[PDB]
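These notes are about the structure you will find just below.
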Amino acid sequence: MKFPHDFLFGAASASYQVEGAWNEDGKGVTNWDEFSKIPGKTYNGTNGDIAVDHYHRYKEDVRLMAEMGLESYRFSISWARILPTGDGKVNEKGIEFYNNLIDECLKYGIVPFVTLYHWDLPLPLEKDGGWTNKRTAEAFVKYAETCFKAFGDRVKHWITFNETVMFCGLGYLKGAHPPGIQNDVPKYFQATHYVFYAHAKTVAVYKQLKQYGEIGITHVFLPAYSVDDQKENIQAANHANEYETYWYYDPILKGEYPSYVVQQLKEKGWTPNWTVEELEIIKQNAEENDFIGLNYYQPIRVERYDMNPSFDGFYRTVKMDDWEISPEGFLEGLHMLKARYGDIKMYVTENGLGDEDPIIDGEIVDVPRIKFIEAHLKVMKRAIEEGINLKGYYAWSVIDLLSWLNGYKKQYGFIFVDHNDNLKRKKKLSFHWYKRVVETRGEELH
């Protein structure tokens, strides 16, 4: 029974990706409801209108989780369900729905771990400039407090933000996510700052509520490596790590932003409009985080600009062989995080494989996914023996869901959803395997 009992095995979803019922029970419009209906933005013009219909089928879905012997379900609350316009009047039917989702998980002894913001911002607040406006950060702490008050007698594991890197990076640098802005780097760093503000402030609010759960943020964890032993390439990697780890992980865990990158934003005219009050709140609540969430998929191997580019030129990523796999990459990454942040408590809050799942006689035999998960689970076992403080694993995607960009195409998850048969669910091969892995508590030889 090798993983300890205070380690949770789980699976994850996000609201807009699974829920559907986009205009039901008083849900406000959100940024993604609008953005996905701009032609050419999303694969086949796919819609979060219905998604996988999880709103209406939640009792069913949680049953399947129960039958999986899932210990924890990580899901996201839709802000537009609780507070439709972002602030103002609370919507009692949003609270009714999430109370039911929570109570159902709980019937079966499944631990809700709630993500407050997984990219689905109510529209008014997007048009305010979203994360580039302090307003949106202040609206979020008010929203968070509403969820704590409503759900925190039962919910005792809370995530504020999923993957700030992406919703700021994709919306202001690459323009792939709303609001669709391209190479506006000062807005990007602004966005990240007001988010880190909203977080640390929300954490303060939570501790004041005396609910005695745990709270933390969940970042992309994209550990970066020099393509070889060359100094100029190792320099590129340090740079990579400064911008892609330290900028994200330092403000929340350490309470200070990292001076390397701060120096460079000043020297470029890219420093966000930040104030002492804000930076102090961030400073004062860094020690108040109970854990860090990691969304790990791959490392990145890098070489320098002269030697896929990074938003400041300087380095590029390169595919080669010493999308990427690398259990070795993930593990060294973990130690890299322990050296800097200490014995911080870690939840691998996403990890899994997107695929065109192989189908045989109507069965889904997703052995790539099993092999992906097994490999990472294996090195987490090593990591724990090597001292890392990992206390949970959340395979990205409990149930097939709507990709933001790629519609339905690259399945994620354990429960298959049948688009040809009224979105009927079916256990995949990974479902049966993971159930066994939970019951064995990860005894797959170590």
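Within each chain, counting starts at residue 1; across the structure tokens, chains are named A, B, ... in the order shown, with ligands numbered 1 upward in that order.
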Apply DSSP to the structure's backbone, then extract all residues of stretch 229-332 of chain A labelled helix (DSSP H, G or I) and return them as a ChimeraX atom specification.
-> /A:231-253,259-268,276-288,327-332
Go ahead and save the picked residues with N, CA and C atoms, as a compact mmCIF listing (two decimals), in the first residue's frame.
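Dumped everything to again06.txt:
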# COMPACT_ATOMS: atom_id res chain seq x y z
N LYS A 231 27.65 26.93 -22.43
CA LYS A 231 27.34 27.99 -21.44
C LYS A 231 26.20 28.89 -21.88
N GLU A 232 26.29 29.36 -23.11
CA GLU A 232 25.21 30.20 -23.71
C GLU A 232 23.80 29.52 -23.71
N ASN A 233 23.78 28.19 -23.77
CA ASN A 233 22.54 27.42 -23.70
C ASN A 233 22.02 27.24 -22.26
N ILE A 234 22.94 26.98 -21.33
CA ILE A 234 22.66 26.97 -19.88
C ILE A 234 22.15 28.33 -19.36
N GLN A 235 22.67 29.39 -19.96
CA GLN A 235 22.21 30.74 -19.69
C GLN A 235 20.75 30.93 -20.10
N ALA A 236 20.43 30.44 -21.30
CA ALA A 236 19.06 30.40 -21.84
C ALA A 236 18.07 29.66 -20.93
N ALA A 237 18.54 28.55 -20.35
CA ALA A 237 17.76 27.73 -19.44
C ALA A 237 17.46 28.45 -18.12
N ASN A 238 18.49 29.06 -17.55
CA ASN A 238 18.33 29.88 -16.32
C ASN A 238 17.33 31.00 -16.54
N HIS A 239 17.50 31.68 -17.65
CA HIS A 239 16.57 32.68 -18.13
C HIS A 239 15.14 32.13 -18.22
N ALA A 240 15.02 30.96 -18.84
CA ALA A 240 13.76 30.26 -19.03
C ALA A 240 13.09 30.00 -17.70
N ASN A 241 13.88 29.43 -16.81
CA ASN A 241 13.44 29.12 -15.46
C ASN A 241 13.07 30.34 -14.62
N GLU A 242 13.84 31.43 -14.76
CA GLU A 242 13.52 32.69 -14.10
C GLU A 242 12.11 33.18 -14.48
N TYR A 243 11.85 33.25 -15.78
CA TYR A 243 10.60 33.79 -16.29
C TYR A 243 9.42 32.85 -16.15
N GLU A 244 9.68 31.55 -16.31
CA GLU A 244 8.61 30.55 -16.39
C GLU A 244 8.37 29.79 -15.07
N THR A 245 9.36 29.71 -14.21
CA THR A 245 9.12 29.24 -12.82
C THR A 245 9.15 30.43 -11.81
N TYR A 246 10.31 31.02 -11.62
CA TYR A 246 10.53 31.95 -10.49
C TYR A 246 9.56 33.15 -10.44
N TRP A 247 9.24 33.73 -11.57
CA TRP A 247 8.23 34.79 -11.65
C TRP A 247 6.87 34.36 -11.09
N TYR A 248 6.51 33.10 -11.31
CA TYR A 248 5.21 32.56 -10.89
C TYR A 248 5.22 32.01 -9.47
N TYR A 249 6.30 31.30 -9.14
CA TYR A 249 6.40 30.58 -7.89
C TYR A 249 6.99 31.41 -6.75
N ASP A 250 7.83 32.40 -7.07
CA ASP A 250 8.43 33.26 -6.01
C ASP A 250 7.43 34.16 -5.30
N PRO A 251 6.58 34.89 -6.06
CA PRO A 251 5.66 35.79 -5.38
C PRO A 251 4.72 35.08 -4.40
N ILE A 252 4.27 33.87 -4.74
CA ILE A 252 3.33 33.12 -3.88
C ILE A 252 4.03 32.41 -2.72
N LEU A 253 5.20 31.82 -2.97
CA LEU A 253 5.88 31.02 -1.94
C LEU A 253 6.86 31.84 -1.11
N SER A 259 14.40 39.11 -8.45
CA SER A 259 15.08 40.35 -8.87
C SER A 259 15.64 40.34 -10.30
N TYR A 260 16.19 39.21 -10.76
CA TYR A 260 16.64 39.05 -12.17
C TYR A 260 15.60 39.61 -13.14
N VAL A 261 14.38 39.10 -13.05
CA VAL A 261 13.33 39.48 -14.02
C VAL A 261 12.75 40.87 -13.74
N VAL A 262 12.65 41.25 -12.46
CA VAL A 262 12.23 42.61 -12.06
C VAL A 262 13.19 43.67 -12.68
N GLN A 263 14.49 43.43 -12.51
CA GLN A 263 15.54 44.26 -13.13
C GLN A 263 15.31 44.43 -14.63
N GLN A 264 15.09 43.31 -15.31
CA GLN A 264 14.85 43.32 -16.73
C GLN A 264 13.57 43.99 -17.17
N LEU A 265 12.47 43.88 -16.42
CA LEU A 265 11.22 44.63 -16.77
C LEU A 265 11.37 46.14 -16.61
N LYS A 266 12.20 46.55 -15.65
CA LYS A 266 12.46 47.96 -15.41
C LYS A 266 13.28 48.50 -16.57
N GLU A 267 14.37 47.80 -16.84
CA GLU A 267 15.29 48.11 -17.94
C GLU A 267 14.66 48.05 -19.35
N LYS A 268 13.45 47.51 -19.49
CA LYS A 268 12.73 47.42 -20.78
C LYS A 268 11.48 48.32 -20.84
N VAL A 276 2.87 49.59 -3.23
CA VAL A 276 3.48 49.05 -2.01
C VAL A 276 2.52 48.21 -1.16
N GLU A 277 1.29 48.73 -1.02
CA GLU A 277 0.16 48.05 -0.39
C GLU A 277 -0.03 46.64 -0.97
N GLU A 278 -0.09 46.56 -2.30
CA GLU A 278 -0.23 45.28 -3.02
C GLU A 278 0.96 44.37 -2.75
N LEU A 279 2.16 44.85 -3.06
CA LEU A 279 3.35 44.05 -2.84
C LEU A 279 3.49 43.58 -1.40
N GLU A 280 2.96 44.35 -0.45
CA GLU A 280 2.99 43.98 0.99
C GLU A 280 2.01 42.83 1.35
N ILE A 281 0.78 42.95 0.87
CA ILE A 281 -0.20 41.89 0.98
C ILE A 281 0.38 40.53 0.47
N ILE A 282 0.90 40.55 -0.74
CA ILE A 282 1.65 39.44 -1.33
C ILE A 282 2.77 38.97 -0.41
N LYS A 283 3.55 39.90 0.12
CA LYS A 283 4.65 39.54 1.03
C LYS A 283 4.13 38.84 2.25
N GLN A 284 3.05 39.37 2.80
CA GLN A 284 2.62 39.01 4.15
C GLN A 284 1.91 37.68 4.15
N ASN A 285 1.31 37.31 3.01
CA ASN A 285 0.52 36.06 2.85
C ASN A 285 1.20 34.91 2.13
N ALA A 286 2.43 35.12 1.66
CA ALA A 286 3.22 34.02 1.07
C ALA A 286 3.35 32.83 2.00
N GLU A 287 3.58 33.09 3.30
CA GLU A 287 3.70 32.04 4.36
C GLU A 287 2.35 31.40 4.78
N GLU A 288 1.28 31.85 4.14
CA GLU A 288 -0.07 31.45 4.45
C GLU A 288 -0.61 30.34 3.49
N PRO A 327 10.05 11.41 -17.55
CA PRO A 327 10.02 11.17 -16.11
C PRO A 327 11.26 11.69 -15.35
N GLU A 328 12.43 11.53 -15.98
CA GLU A 328 13.68 12.10 -15.49
C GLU A 328 13.60 13.66 -15.37
N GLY A 329 13.00 14.28 -16.39
CA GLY A 329 12.79 15.73 -16.39
C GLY A 329 11.91 16.21 -15.25
N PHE A 330 10.82 15.49 -15.02
CA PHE A 330 9.90 15.80 -13.93
C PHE A 330 10.52 15.70 -12.55
N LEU A 331 11.39 14.72 -12.36
CA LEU A 331 11.94 14.43 -11.03
C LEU A 331 13.00 15.47 -10.62
N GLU A 332 13.91 15.74 -11.55
CA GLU A 332 14.93 16.75 -11.33
C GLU A 332 14.24 18.09 -11.13
Tell me, as an NGL selection string, which residues lie within 7 Å of residue A:86, counting only C-alpha atoms; anything in the same chain fewer than 3 positions away does not count.
-> :A and (79-80 or 83 or 122 or 125 or 139)
Distance query stretch 59-63 of chain A at most 8 Å, only C-alpha atoms, self and fewer than 5 positions along chain excluded, as a PyMOL selection string | chain A and resi 54+101+104-105
What are the nearest atom pairs, with distances in Å to one decimal, for all residues of stretch 336-443 of chain A that come at most 10 Å from stretch 216-224 of chain A, using only C-alpha atoms, set out by chain and rising residue number as JSON lines?
{"residue": "A:336", "atom": "CA", "partner": "A:223", "partner_atom": "CA", "distance": 8.3}
{"residue": "A:337", "atom": "CA", "partner": "A:223", "partner_atom": "CA", "distance": 9.2}
{"residue": "A:345", "atom": "CA", "partner": "A:216", "partner_atom": "CA", "distance": 9.9}
{"residue": "A:346", "atom": "CA", "partner": "A:218", "partner_atom": "CA", "distance": 9.7}
{"residue": "A:347", "atom": "CA", "partner": "A:218", "partner_atom": "CA", "distance": 8.5}
{"residue": "A:348", "atom": "CA", "partner": "A:218", "partner_atom": "CA", "distance": 8.8}
{"residue": "A:349", "atom": "CA", "partner": "A:218", "partner_atom": "CA", "distance": 7.1}
{"residue": "A:350", "atom": "CA", "partner": "A:220", "partner_atom": "CA", "distance": 8.9}
Polymer residues at most 12 Å from residue A:89, only C-alpha atoms, same-chain spacing of 3 or more positions, as number ranges by chain | A: 26-28, 80-86, 92-94, 142-143, 146
Please, which residues in stretch 312-425 of chain A fall within 12 Å of stretch 289-306 of chain A when counting only C-alpha atoms, and what is the closest atom pair and distance in Å to one decimal for each, ordered by chain then residue number, as a Markdown table?
| residue | atom | partner | partner_atom | distance |
| --- | --- | --- | --- | --- |
| A:312 | CA | A:305 | CA | 9.8 |
| A:313 | CA | A:305 | CA | 6.4 |
| A:314 | CA | A:305 | CA | 4.7 |
| A:315 | CA | A:304 | CA | 4.2 |
| A:316 | CA | A:303 | CA | 5.6 |
| A:317 | CA | A:302 | CA | 4.6 |
| A:318 | CA | A:302 | CA | 6.0 |
| A:319 | CA | A:301 | CA | 7.4 |
| A:320 | CA | A:301 | CA | 8.5 |
| A:321 | CA | A:301 | CA | 9.7 |
| A:322 | CA | A:301 | CA | 9.2 |
| A:323 | CA | A:298 | CA | 6.9 |
| A:324 | CA | A:298 | CA | 5.4 |
| A:325 | CA | A:298 | CA | 6.0 |
| A:326 | CA | A:298 | CA | 6.8 |
| A:327 | CA | A:298 | CA | 8.7 |
| A:328 | CA | A:299 | CA | 9.4 |
| A:329 | CA | A:299 | CA | 5.8 |
| A:330 | CA | A:299 | CA | 6.8 |
| A:331 | CA | A:299 | CA | 10.2 |
| A:332 | CA | A:299 | CA | 10.0 |
| A:333 | CA | A:299 | CA | 8.2 |
| A:334 | CA | A:294 | CA | 9.9 |
| A:337 | CA | A:292 | CA | 10.4 |
| A:338 | CA | A:292 | CA | 11.5 |
| A:341 | CA | A:292 | CA | 10.1 |
| A:342 | CA | A:291 | CA | 11.4 |
| A:343 | CA | A:291 | CA | 10.0 |
| A:344 | CA | A:291 | CA | 6.3 |
| A:345 | CA | A:291 | CA | 4.7 |
| A:346 | CA | A:292 | CA | 5.2 |
| A:347 | CA | A:293 | CA | 4.8 |
| A:348 | CA | A:294 | CA | 4.7 |
| A:349 | CA | A:294 | CA | 5.4 |
| A:350 | CA | A:295 | CA | 4.5 |
| A:351 | CA | A:296 | CA | 5.7 |
| A:352 | CA | A:297 | CA | 7.2 |
| A:353 | CA | A:297 | CA | 8.3 |
| A:354 | CA | A:297 | CA | 10.3 |
| A:372 | CA | A:297 | CA | 10.0 |
| A:373 | CA | A:297 | CA | 10.6 |
| A:375 | CA | A:297 | CA | 11.9 |
| A:376 | CA | A:297 | CA | 9.7 |
| A:380 | CA | A:296 | CA | 11.9 |
| A:389 | CA | A:291 | CA | 9.6 |
| A:390 | CA | A:291 | CA | 9.6 |
| A:391 | CA | A:291 | CA | 9.3 |
| A:392 | CA | A:293 | CA | 9.4 |
| A:393 | CA | A:294 | CA | 9.6 |
| A:394 | CA | A:295 | CA | 9.1 |
| A:395 | CA | A:295 | CA | 9.7 |
| A:396 | CA | A:295 | CA | 8.7 |
Requested write-out: N, CA and C atoms of the selected residues, as a short mmCIF file (atom, residue, chain, number, x, y, z; two decimals), in the first residue's frame:
data_model
loop_
_atom_site.label_atom_id
_atom_site.label_comp_id
_atom_site.auth_asym_id
_atom_site.auth_seq_id
_atom_site.Cartn_x
_atom_site.Cartn_y
_atom_site.Cartn_z
N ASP A 312 10.29 36.84 -25.72
CA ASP A 312 11.31 37.88 -25.70
C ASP A 312 12.51 37.54 -26.61
N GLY A 313 12.25 36.83 -27.70
CA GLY A 313 13.33 36.16 -28.43
C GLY A 313 14.19 35.37 -27.44
N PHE A 314 15.47 35.69 -27.37
CA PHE A 314 16.44 35.12 -26.41
C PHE A 314 16.69 33.61 -26.40
N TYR A 315 15.65 32.81 -26.20
CA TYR A 315 15.78 31.35 -26.37
C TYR A 315 14.73 30.80 -27.29
N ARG A 316 14.98 29.58 -27.75
CA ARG A 316 13.91 28.78 -28.32
C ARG A 316 13.93 27.39 -27.69
N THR A 317 12.76 26.76 -27.76
CA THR A 317 12.56 25.33 -27.47
C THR A 317 12.93 24.50 -28.70
N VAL A 318 13.47 23.32 -28.45
CA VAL A 318 13.81 22.40 -29.52
C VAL A 318 13.43 20.95 -29.21
N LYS A 319 12.87 20.32 -30.22
CA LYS A 319 12.53 18.92 -30.15
C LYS A 319 13.77 18.19 -30.62
N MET A 320 14.04 17.09 -29.95
CA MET A 320 15.20 16.25 -30.16
C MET A 320 15.10 15.03 -29.27
N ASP A 321 16.21 14.32 -29.17
CA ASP A 321 16.31 13.27 -28.18
C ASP A 321 17.69 13.09 -27.64
N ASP A 322 17.84 13.66 -26.45
CA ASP A 322 19.01 13.68 -25.58
C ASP A 322 20.16 12.80 -26.01
N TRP A 323 4.09 17.60 -25.65
CA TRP A 323 4.60 16.46 -26.42
C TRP A 323 5.71 15.62 -25.80
N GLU A 324 6.71 16.25 -25.18
CA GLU A 324 7.83 15.50 -24.58
C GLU A 324 7.34 14.65 -23.39
N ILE A 325 8.01 13.52 -23.15
CA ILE A 325 7.69 12.60 -22.02
C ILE A 325 8.48 12.95 -20.74
N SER A 326 9.67 12.37 -20.60
CA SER A 326 10.65 12.67 -19.55
C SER A 326 10.17 12.62 -18.09
N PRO A 327 10.05 11.41 -17.55
CA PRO A 327 10.02 11.17 -16.11
C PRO A 327 11.26 11.69 -15.35
N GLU A 328 12.43 11.53 -15.98
CA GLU A 328 13.68 12.10 -15.49
C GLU A 328 13.60 13.66 -15.37
N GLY A 329 13.00 14.28 -16.39
CA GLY A 329 12.79 15.73 -16.39
C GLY A 329 11.91 16.21 -15.25
N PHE A 330 10.82 15.49 -15.02
CA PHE A 330 9.90 15.80 -13.93
C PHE A 330 10.52 15.70 -12.55
N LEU A 331 11.39 14.72 -12.36
CA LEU A 331 11.94 14.43 -11.03
C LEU A 331 13.00 15.47 -10.62
N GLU A 332 13.91 15.74 -11.55
CA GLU A 332 14.93 16.75 -11.33
C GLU A 332 14.24 18.09 -11.13
N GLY A 333 13.16 18.32 -11.88
CA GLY A 333 12.28 19.49 -11.68
C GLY A 333 11.79 19.64 -10.26
N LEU A 334 11.25 18.57 -9.71
CA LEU A 334 10.78 18.53 -8.32
C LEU A 334 11.86 18.94 -7.29
N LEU A 337 12.52 22.54 -7.31
CA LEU A 337 11.53 23.24 -6.49
C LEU A 337 11.74 23.09 -4.97
N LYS A 338 12.40 22.03 -4.52
CA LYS A 338 12.57 21.85 -3.07
C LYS A 338 13.73 22.67 -2.56
N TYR A 341 12.13 26.42 -2.56
CA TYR A 341 10.95 26.73 -1.77
C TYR A 341 10.86 25.98 -0.45
N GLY A 342 11.76 25.02 -0.26
CA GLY A 342 11.81 24.20 0.96
C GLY A 342 10.91 22.96 0.86
N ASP A 343 10.49 22.45 2.00
CA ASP A 343 9.73 21.22 2.05
C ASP A 343 8.26 21.51 1.74
N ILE A 344 8.01 22.33 0.73
CA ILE A 344 6.66 22.79 0.49
C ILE A 344 5.82 21.58 0.10
N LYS A 345 4.54 21.62 0.46
CA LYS A 345 3.63 20.52 0.20
C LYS A 345 3.11 20.65 -1.23
N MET A 346 3.23 19.57 -2.02
CA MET A 346 2.90 19.59 -3.48
C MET A 346 1.73 18.67 -3.88
N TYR A 347 0.85 19.20 -4.71
CA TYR A 347 -0.17 18.40 -5.37
C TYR A 347 0.07 18.49 -6.83
N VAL A 348 0.27 17.35 -7.48
CA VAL A 348 0.38 17.32 -8.94
C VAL A 348 -1.05 17.37 -9.44
N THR A 349 -1.55 18.59 -9.62
CA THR A 349 -2.99 18.86 -9.81
C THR A 349 -3.47 18.64 -11.26
N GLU A 350 -2.52 18.38 -12.16
CA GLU A 350 -2.79 17.93 -13.52
C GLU A 350 -1.60 17.10 -14.00
N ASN A 351 -1.92 16.07 -14.76
CA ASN A 351 -0.96 15.23 -15.44
C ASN A 351 -1.78 14.19 -16.14
N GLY A 352 -1.51 14.01 -17.42
CA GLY A 352 -2.20 12.99 -18.20
C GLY A 352 -1.82 13.14 -19.63
N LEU A 353 -2.56 12.47 -20.51
CA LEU A 353 -2.23 12.45 -21.93
C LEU A 353 -3.45 12.71 -22.79
N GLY A 354 -3.32 13.69 -23.68
CA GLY A 354 -4.31 13.93 -24.71
C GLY A 354 -4.00 12.97 -25.85
N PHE A 372 1.47 6.66 -19.66
CA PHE A 372 1.87 8.02 -19.34
C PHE A 372 1.77 8.23 -17.81
N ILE A 373 0.57 7.97 -17.28
CA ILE A 373 0.27 8.06 -15.86
C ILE A 373 1.19 7.16 -15.04
N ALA A 375 4.16 6.13 -15.57
CA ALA A 375 5.53 6.60 -15.62
C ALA A 375 5.74 7.73 -14.64
N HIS A 376 4.72 8.57 -14.49
CA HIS A 376 4.81 9.77 -13.65
C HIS A 376 4.51 9.39 -12.21
N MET A 380 7.01 9.92 -9.04
CA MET A 380 6.48 10.49 -7.80
C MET A 380 6.75 9.60 -6.58
N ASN A 389 7.73 16.35 -0.83
CA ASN A 389 6.48 16.34 -0.07
C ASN A 389 5.26 16.43 -1.00
N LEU A 390 5.01 15.31 -1.69
CA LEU A 390 3.90 15.17 -2.61
C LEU A 390 2.75 14.52 -1.89
N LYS A 391 1.59 15.17 -1.92
CA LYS A 391 0.44 14.66 -1.21
C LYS A 391 -0.80 14.53 -2.08
N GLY A 392 -0.62 14.47 -3.40
CA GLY A 392 -1.73 14.11 -4.22
C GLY A 392 -1.43 14.10 -5.67
N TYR A 393 -2.24 13.36 -6.41
CA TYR A 393 -2.11 13.18 -7.87
C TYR A 393 -3.48 13.28 -8.54
N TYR A 394 -3.57 14.20 -9.49
CA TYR A 394 -4.82 14.46 -10.18
C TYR A 394 -4.60 14.32 -11.66
N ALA A 395 -5.03 13.17 -12.19
CA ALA A 395 -4.88 12.90 -13.61
C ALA A 395 -5.75 13.86 -14.40
N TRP A 396 -5.18 14.47 -15.43
CA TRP A 396 -5.91 15.52 -16.08
C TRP A 396 -6.86 14.73 -16.92
#
Write out as a list in words which residues come within 12 Å of residue A:360 when counting only C-alpha atoms, dropping same-chain ones fewer than 4 positions away.
->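 Everything that qualifies: residues 364, 365, 366, 428 and 429 of chain A.
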Go through A:97, A:274, A:414, A:431 and flag the residue nearest residue A:57, using only C-alpha atoms for the distances.
->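 Selected residue with least distance to residue A:57: A:97.
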Could you give me the residues within stretch 109-257 of chain A that DSSP places in strand (DSSP E or B), as a list in words?
-> residues 111, 112, 113, 114, 115, 116, 117, 122, 157, 158, 159, 160, 161, 162, 174, 182, 214, 215, 216, 217, 218, 219, 220, 224, 225 and 226 of chain A
Save the residues we just selected, N, CA and C atoms, as a PDB file, in the first residue's frame?
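Result file is again-v4.pdb:
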ATOM      1  N   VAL A 111     -13.460  13.545  -1.866  1.00  0.00           N
ATOM      2  CA  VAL A 111     -13.021  14.833  -1.359  1.00  0.00           C
ATOM      3  C   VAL A 111     -13.112  15.915  -2.446  1.00  0.00           C
ATOM      4  N   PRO A 112     -14.049  16.860  -2.285  1.00  0.00           N
ATOM      5  CA  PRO A 112     -13.970  18.010  -3.171  1.00  0.00           C
ATOM      6  C   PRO A 112     -12.656  18.806  -2.935  1.00  0.00           C
ATOM      7  N   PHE A 113     -11.952  19.124  -4.016  1.00  0.00           N
ATOM      8  CA  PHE A 113     -10.816  20.058  -4.033  1.00  0.00           C
ATOM      9  C   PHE A 113     -11.286  21.085  -5.059  1.00  0.00           C
ATOM     10  N   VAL A 114     -11.621  22.300  -4.634  1.00  0.00           N
ATOM     11  CA  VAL A 114     -12.244  23.265  -5.547  1.00  0.00           C
ATOM     12  C   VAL A 114     -11.291  24.310  -6.117  1.00  0.00           C
ATOM     13  N   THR A 115     -11.301  24.432  -7.446  1.00  0.00           N
ATOM     14  CA  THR A 115     -10.654  25.497  -8.206  1.00  0.00           C
ATOM     15  C   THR A 115     -11.654  26.642  -8.425  1.00  0.00           C
ATOM     16  N   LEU A 116     -11.289  27.825  -7.933  1.00  0.00           N
ATOM     17  CA  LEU A 116     -12.151  28.997  -7.981  1.00  0.00           C
ATOM     18  C   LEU A 116     -12.175  29.626  -9.370  1.00  0.00           C
ATOM     19  N   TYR A 117     -11.004  29.726 -10.009  1.00  0.00           N
ATOM     20  CA  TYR A 117     -10.891  30.315 -11.371  1.00  0.00           C
ATOM     21  C   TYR A 117     -10.064  29.450 -12.339  1.00  0.00           C
ATOM     22  N   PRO A 122     -16.479  36.052 -15.989  1.00  0.00           N
ATOM     23  CA  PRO A 122     -17.712  36.704 -16.466  1.00  0.00           C
ATOM     24  C   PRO A 122     -17.429  37.954 -17.330  1.00  0.00           C
ATOM     25  N   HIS A 157     -10.307  21.951   0.771  1.00  0.00           N
ATOM     26  CA  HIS A 157      -9.126  22.005  -0.074  1.00  0.00           C
ATOM     27  C   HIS A 157      -9.499  22.935  -1.228  1.00  0.00           C
ATOM     28  N   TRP A 158      -8.836  24.088  -1.293  1.00  0.00           N
ATOM     29  CA  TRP A 158      -9.211  25.136  -2.223  1.00  0.00           C
ATOM     30  C   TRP A 158      -8.013  25.541  -3.112  1.00  0.00           C
ATOM     31  N   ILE A 159      -8.262  25.659  -4.421  1.00  0.00           N
ATOM     32  CA  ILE A 159      -7.355  26.307  -5.370  1.00  0.00           C
ATOM     33  C   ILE A 159      -8.009  27.610  -5.857  1.00  0.00           C
ATOM     34  N   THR A 160      -7.229  28.679  -5.840  1.00  0.00           N
ATOM     35  CA  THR A 160      -7.660  29.964  -6.354  1.00  0.00           C
ATOM     36  C   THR A 160      -7.595  29.940  -7.879  1.00  0.00           C
ATOM     37  N   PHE A 161      -6.374  29.906  -8.419  1.00  0.00           N
ATOM     38  CA  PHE A 161      -6.130  30.015  -9.859  1.00  0.00           C
ATOM     39  C   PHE A 161      -5.502  28.775 -10.475  1.00  0.00           C
ATOM     40  N   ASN A 162      -6.002  28.437 -11.665  1.00  0.00           N
ATOM     41  CA  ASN A 162      -5.416  27.407 -12.486  1.00  0.00           C
ATOM     42  C   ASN A 162      -4.600  28.087 -13.532  1.00  0.00           C
ATOM     43  N   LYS A 174       0.181  35.578 -27.055  1.00  0.00           N
ATOM     44  CA  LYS A 174      -0.137  34.800 -28.251  1.00  0.00           C
ATOM     45  C   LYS A 174      -1.512  35.092 -28.816  1.00  0.00           C
ATOM     46  N   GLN A 182      -2.209  40.331 -28.864  1.00  0.00           N
ATOM     47  CA  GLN A 182      -0.905  39.816 -29.282  1.00  0.00           C
ATOM     48  C   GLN A 182       0.258  40.718 -28.852  1.00  0.00           C
ATOM     49  N   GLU A 214      -7.422  23.906   3.466  1.00  0.00           N
ATOM     50  CA  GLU A 214      -6.128  24.321   2.946  1.00  0.00           C
ATOM     51  C   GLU A 214      -6.361  25.076   1.637  1.00  0.00           C
ATOM     52  N   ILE A 215      -5.434  25.976   1.319  1.00  0.00           N
ATOM     53  CA  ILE A 215      -5.562  26.854   0.170  1.00  0.00           C
ATOM     54  C   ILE A 215      -4.192  27.060  -0.426  1.00  0.00           C
ATOM     55  N   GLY A 216      -4.181  27.232  -1.741  1.00  0.00           N
ATOM     56  CA  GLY A 216      -2.964  27.314  -2.546  1.00  0.00           C
ATOM     57  C   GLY A 216      -3.322  27.690  -3.968  1.00  0.00           C
ATOM     58  N   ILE A 217      -2.304  27.973  -4.763  1.00  0.00           N
ATOM     59  CA  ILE A 217      -2.492  28.259  -6.196  1.00  0.00           C
ATOM     60  C   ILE A 217      -1.951  27.048  -6.989  1.00  0.00           C
ATOM     61  N   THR A 218      -2.411  26.904  -8.220  1.00  0.00           N
ATOM     62  CA  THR A 218      -1.931  25.835  -9.091  1.00  0.00           C
ATOM     63  C   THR A 218      -1.329  26.464 -10.312  1.00  0.00           C
ATOM     64  N   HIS A 219      -0.016  26.261 -10.481  1.00  0.00           N
ATOM     65  CA  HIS A 219       0.716  26.728 -11.676  1.00  0.00           C
ATOM     66  C   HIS A 219       1.075  25.622 -12.633  1.00  0.00           C
ATOM     67  N   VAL A 220       1.192  25.990 -13.893  1.00  0.00           N
ATOM     68  CA  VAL A 220       2.044  25.248 -14.786  1.00  0.00           C
ATOM     69  C   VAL A 220       3.419  25.086 -14.101  1.00  0.00           C
ATOM     70  N   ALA A 224      12.879  23.748 -16.975  1.00  0.00           N
ATOM     71  CA  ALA A 224      13.597  24.009 -18.248  1.00  0.00           C
ATOM     72  C   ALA A 224      15.062  23.590 -18.210  1.00  0.00           C
ATOM     73  N   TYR A 225      15.536  23.045 -19.329  1.00  0.00           N
ATOM     74  CA  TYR A 225      16.866  22.396 -19.387  1.00  0.00           C
ATOM     75  C   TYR A 225      17.694  22.848 -20.589  1.00  0.00           C
ATOM     76  N   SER A 226      18.994  23.003 -20.360  1.00  0.00           N
ATOM     77  CA  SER A 226      19.902  23.317 -21.445  1.00  0.00           C
ATOM     78  C   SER A 226      19.986  22.145 -22.403  1.00  0.00           C
TER      79      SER A 226
END
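For stretch 35-42 of chain A, the set of protein, DNA and RNA residues having any atom at most 7 Å away, when counting only C-alpha atoms and skipping those fewer than 5 positions along the same chain, is residues 47, 178, 405, 406 and 407 of chain A.
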Which residue, A:99, A:271, A:134, A:401, has the smallest gap to residue A:151 when you use only C-alpha atoms?
->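 Distance minimum relative to residue A:151 lands on A:99.
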